[PDB]
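Each remark here refers to the structure printed beneath this line.
Throughout, protein chains are lettered first and strands after them, A, B, ... in sequence-line order, and every chain is numbered starting at 1. Each ligand, and each atom within it, is numbered from 1 in the order the structure gives. Side-chain atoms are counted along with the backbone in the values below, which use heavy atoms only and exclude waters and symmetry mates.
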Number of protein chains: 2
Amino acid sequence: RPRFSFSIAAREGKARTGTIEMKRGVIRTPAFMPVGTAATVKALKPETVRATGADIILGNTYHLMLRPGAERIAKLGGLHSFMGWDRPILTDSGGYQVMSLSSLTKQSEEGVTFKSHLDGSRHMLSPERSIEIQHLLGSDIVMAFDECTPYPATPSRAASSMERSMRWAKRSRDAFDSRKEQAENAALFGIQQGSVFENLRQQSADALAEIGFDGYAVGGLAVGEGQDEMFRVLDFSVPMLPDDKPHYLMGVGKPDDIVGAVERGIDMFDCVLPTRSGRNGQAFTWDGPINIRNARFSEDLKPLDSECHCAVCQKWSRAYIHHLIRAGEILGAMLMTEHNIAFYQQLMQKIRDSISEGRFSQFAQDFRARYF
Amino acid sequence: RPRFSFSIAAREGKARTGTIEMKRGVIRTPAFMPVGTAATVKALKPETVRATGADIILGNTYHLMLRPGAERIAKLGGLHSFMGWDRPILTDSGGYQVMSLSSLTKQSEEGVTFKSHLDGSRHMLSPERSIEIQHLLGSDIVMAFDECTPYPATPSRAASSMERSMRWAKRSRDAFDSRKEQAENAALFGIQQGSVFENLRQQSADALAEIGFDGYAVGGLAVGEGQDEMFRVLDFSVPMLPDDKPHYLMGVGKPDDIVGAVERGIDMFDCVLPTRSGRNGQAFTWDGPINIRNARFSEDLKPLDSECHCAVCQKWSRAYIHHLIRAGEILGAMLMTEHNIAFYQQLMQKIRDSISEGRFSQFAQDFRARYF
Ligand SMILES: Nc1cc(CSc2ncc[nH]2)c2nc(N)[nH]c(=O)c2c1
Ligand SMILES: Nc1cc(CSc2ncc[nH]2)c2nc(N)[nH]c(=O)c2c1
Ligand SMILES: [Zn+2]
Ligand SMILES: [Zn+2]
């Protein structure tokens, strides 16, 4: 396979279905990427993640640079070898989680200095260092280092962050290109900013296309604006991005949000929602999510979902999983997580099939009627 | 297969190797039984437990009567169906864990009244109720309800508890026999008491043989007496039990203890040691246990054990597992537990092969030289 090749096989309105070919494998789009926090997809062996249908997973750069260390993972042979996942891996830049999870962050034009929420140590993440860490991890899809904008944001603050992010996008591109092995074996995605402002989103898209990237992410959404607002921003933002490259909506996982985002031109998704759902007891079903801990499931012999084809639904009952979760048993988390990730993959498969078959609009309608 | 059939294929000194045939399957002895606390073998799917070579698992009656409930598990179809393990299951009587984990225990000749360490509720466990709960669970090997003796124990207190236990052994036998389905499909094991006193152990064995059971357990050991003392008691106690029936040493799991116990005539074992080892970071190797959390394993690319054939040792490094455990990741517990249980099963296989081949003494010697 080539370093990177995105091909669109079918379309329906703004929706697209196709494939991304990379050295480590093929990624079917629209794609959902399970999240690996500390070099592990919570409570699942990599073989189990693949069994659910996942073609690619996301790796948390912020946690990895802290916990095991980027240089250490490189010395050990890279993230793929370290965790046992040999397919593509998309790594975020670490900038977002720096503002969310770290302490005493000092920002500047060079980058951001911060203290670890673990040992209390200090690090200086910049466009160059972020690109370098992702290289050390052996990432297949590298995310440009940006400055996310807090919601709500004023036009001037949103413009300032967006402009800085574009300057950082150019630095990320140059850093990526100067490293021969990375430029020849991995891909680089640029991230669009501009908050909820159309003119800013347009300026960001133009700057991003001018630099040139393998894919484009719509950043700055799913930050507390609500679905209607998010969809409204997607309506005008996605068409601004190059049509022939992948469109990635960062941090969006709710099933209805995914369906709506695909209808607006999004090709890639990721989310900790499935992995955290099996932490508090939420299991996705075609009839909406259910909290397995509720007393009504104590003697329910039916599987989590009536049509789900995952191993969990083939072998265990709601009653058993209800018991496991309430007992705080590890198997409960393993079972809940596997089902949820499988559910998401089945959702993506149904989306891909309906688009290929010219019946995606009908699918979206049927899905919502039942789910809500 | 028949309800119960123990056959000895080979012997070497006091050591034996053979099989126990039951309706749900064959159990190769000497056997090690992984422990299922709350209807689950900690961090492992039942298919994974079987993959390690386990022929039978132990179910914690005390926890099951509290957490999901005996009557509820029966309404749901039994423990086997509930947790997804279709092979034999040995269930303890619940008497031991009642004295160890419950509050305000009131003992009498009828049984024991106690308060749950969970909700603070109250229950009255007796020989009859214990036998009934194990029936409701659908247990294959039922343990008689006894009164364990605290270490150290005076001759009079040890005699009193032993005598009560024998009266309770008769009540357990009668309760088991009066329930047609249980008597025809399950087996009943009697438990020998008498602390460290030879005459008491002899009186217990005679009373037990007089009543008649499918197997005999040596109870009251591994309660703080030390290996030398435990071995000393086993030296005279095991020969007192019927030769043609299984000998089960309760709550003994250390590898060296298992080897020594087999040399003294023990056929069955169980222990939470493997499951708890992967909780604090202890991994068994043929060169002795290692604490994976230690800094020396941070960049160790070798598997947990150099010759172990488990999937964990085939796919992941010490470095990765070290990271997972220190990060508190669920996958760390899953991986550690699977390896440890596999290690124990490989230990039992090596013991069975060496006995069948008339080289068990040599194996015991070689194992100790390397392990210590
Ligand atoms: N919503 C959102 C989520 C993420 C993290 S990817 C993720 N989120 C949740 C789990 N994983 C984002 N990351 C970056 N770098 N920039 C963004 O604008 C941004 C926006
Ligand atoms: N040592 C020991 C362990 C156990 C529990 S089985 C178990 N122990 C640890 C995990 N599982 C015992 N149980 C009973 N009923 N009677 C005993 O004398 C006794 C002695
Ligand atoms: Zn399922
Ligand atoms: Zn192993």
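Salt bridge status for A/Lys254 with A/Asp256: absent, with no side-chain N to carboxylate O gap under 4.0 Å. Look at B/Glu307 and B/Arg370 and you find a salt bridge, because one of the NZ, NE, NH1 or NH2 atoms lies within 4.0 Å of a carboxylate O, short of that distance.
Side-chain polar atoms of B/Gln282 and B/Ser277 form a donor-acceptor pair below 3.5 angstrom.
If you look at B/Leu58 next to ligand 2, there are no close heavy atoms at all, none under 4.0 Å. The proximity of B/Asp146 to ligand 2, defined as any non-hydrogen pair under 4.0 Å, is limited to the side chain. At a heavy-atom distance under 4.0 Å, only side-chain atoms of B/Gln193, from C-beta outward, approach ligand 2.
Without hydrogens or angle criteria, A/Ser165 side chain to A/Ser161 main chain gives a donor-acceptor distance under 3.5 Å. Distance alone, capped at 3.5 Å, places no donor-acceptor pair between the B/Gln349 side chain and the B/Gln345 backbone.
Relative orientation of the B/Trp286 and B/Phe343 rings is tilted, given thresholds of 30° and 60° on the angle between their planes.
Residue A/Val272 has at least one heavy-atom neighbour below 4.0 Å for each of these atoms of ligand 1: 10 (C). Close contacts between ligand 1 and A/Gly220 involve ligand atoms 17 (C), 18 (O) [criterion: under 4.0 Å to a heavy atom]. Residue-ligand proximity, B/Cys148 to ligand 2, at heavy-atom distances under 4.0 Å covers atoms 17 (C), 18 (O). Within the listing of ligand 2, atoms 18 (O) sit less than 4.0 angstrom from a heavy atom of B/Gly219.
Taking any N or O of B/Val35, backbone or side chain, none lies under 3.5 Å from an N or O belonging to ligand 2. Polar contact check, B/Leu221 against ligand 2: a nitrogen or oxygen pair lies under 3.5 Å apart.
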Between B/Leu241 and B/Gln192, does a side chain to side chain contact (heavy atoms under 4.5 Å, CB included) hold up when you go through it step by step? CA-CA 9 Å; B/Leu241 307 168; B/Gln192 184 199 226; 4.1 Å; yes
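Considering only non-hydrogen atoms, atom 7 (C) of ligand 2 lies nearest to B/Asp270 out of B/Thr275, B/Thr37, B/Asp270, B/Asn60.
Close placement of the B/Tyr62 and B/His117 rings is indicated, their centers lying within 6.0 Å of each other. Residues B/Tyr248 and B/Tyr216 place their aromatic rings such that the two centres sit no closer than 6.0 Å.
Protein heavy atom at the shortest distance from atom 8 (N) of ligand 1 is A/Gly251 CA, 3.2 Å. Summary of contacts: the protein heavy atom closest to atom 14 (C) of ligand 1 is A/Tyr96 CB, 3.7 Å.
The Zn ion (ligand 4) lies at 2.8 Å or more from every N, O or S atom belonging to B/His309.
With the Zn ion (ligand 4) at the apex, B/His339 ND1 and B/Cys313 SG define an angle of roughly 100° (rounded to 10 degrees).
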